[PDB]
Amino acid sequence: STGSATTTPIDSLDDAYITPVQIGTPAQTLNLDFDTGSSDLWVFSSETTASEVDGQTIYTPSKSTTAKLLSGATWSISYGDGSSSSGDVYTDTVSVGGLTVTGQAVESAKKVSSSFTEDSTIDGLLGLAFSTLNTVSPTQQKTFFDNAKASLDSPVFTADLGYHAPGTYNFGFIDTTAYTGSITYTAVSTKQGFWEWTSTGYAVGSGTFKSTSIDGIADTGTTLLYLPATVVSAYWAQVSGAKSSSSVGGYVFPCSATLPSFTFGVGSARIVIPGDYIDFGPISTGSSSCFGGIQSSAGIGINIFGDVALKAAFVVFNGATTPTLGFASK
Ligand SMILES: COC(=O)COc1cccc(CN)c1
Ligand code: NA
């Protein structure tokens, strides 16, 4: 089997991407944020505290003939941005792009934090990291990918995120029309539950490439590129008037600037992030200070190759017995 679904930016900045997902029988279509940095499939639901729902589409298990309460199971998750949700669990049929999983754990939110409520465009998350991170207790649950894997033509999914445009998530096959050149594969550590890999270095604009190991995670559910402070300082030093602002919470730059590209290494291969991809626009409406798309990881504990990096590439998440991660230019 295979599946193929279009993923669409939620706003003009590519803050996140939503992909339609069919849940239940008859289908209830919810727009979920596919997140390679987490492992829960959770949804706004008929159980979500009414004051915490503002425009989201909800999953109503009582209207699904295939929904079953997963008796006693609960979930609770916190994300890198301080957002959180929790609730109880149903099993149901879930389809993505024509690929169906029966008996998928669908985590129904009873509570969500303010950042979720305030984002009317995101109806929940579909986690695609390793199932070892899944928060369901007392019986940990599998991700949609882990449940689909054995049925797929090839145990892979691919992320092809657009810059200010729709893109694609494919399951079970690698679309050789979707990238240029070759795919470079690199090793993955599953030790922390993530698609964790080591970049071979970076360059700023037309500068020389610096060979250096940077260990980080491929995370479709993080907007920006978070890298070590040394790397980030070297990037922003090439932008007149850029500075780190403690008041704003990261590097800002004059909106009049033209940003340099940023290159990261994948083995001997190179992925170039155009400068435009790094511009996240005014810090507040009408401001002439703009927010940068490359930020320091020093306050995280992990480097994160989020959407700013991933959307410059065709990315293969290879879930074979020994997982790997492939990158191609496009
Ligand atoms: C999509 O919202 C964001 O990107 C918020 O900033 C983050 C920064 C670091 C990690 C995370 C966890 N995904 C989020
Ligand atoms: Na922000």
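Counting convention: from 1, in listed order, for ligands and their atoms alike. One is the number of the first residue; the rest follow in order along the sequence.
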Going by the angle between their ring planes, with limits at 30° and 60°, are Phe157 and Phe145 parallel, tilted or perpendicular? perpendicular
Give the ring-plane orientation class for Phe264 versus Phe327, where under 30° counts as parallel, over 60° as perpendicular and anything between as tilted. perpendicular
Look at the rings of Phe305 and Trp197 and say which category their plane angle falls in: under 30° parallel, 30 to 60° tilted, over 60° perpendicular. tilted
Numbering as shown, the atoms of ligand 1 that approach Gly221 to under 4.0 Å (heavy-atom distance): 1 (C), 13 (N)
Backbone of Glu47 reached by a side-chain donor or acceptor of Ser45 within 3.5 Å: yes
Report the nearest protein non-hydrogen atom to atom 6 (O) of ligand 1: residue, atom name, distance rounded to 0.1 Å. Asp81 CB, 3.8 Å
Which residue owns the protein heavy atom closest to atom 10 (C) of ligand 1, what's the atom, and how far is it? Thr222 OG1, 3.5 Å
Numbered atoms of ligand 1 (with element) below 4.0 Å of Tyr226, judged on heavy atoms: 8 (C)
Relative to each other, are the rings of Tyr59 and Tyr90 parallel, tilted or perpendicular (30° and 60° limits)? perpendicular
For atom 2 (O) of ligand 1, grab the closest protein heavy atom and report residue, atom and distance to one decimal in Å. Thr223 OG1, 3.7 Å
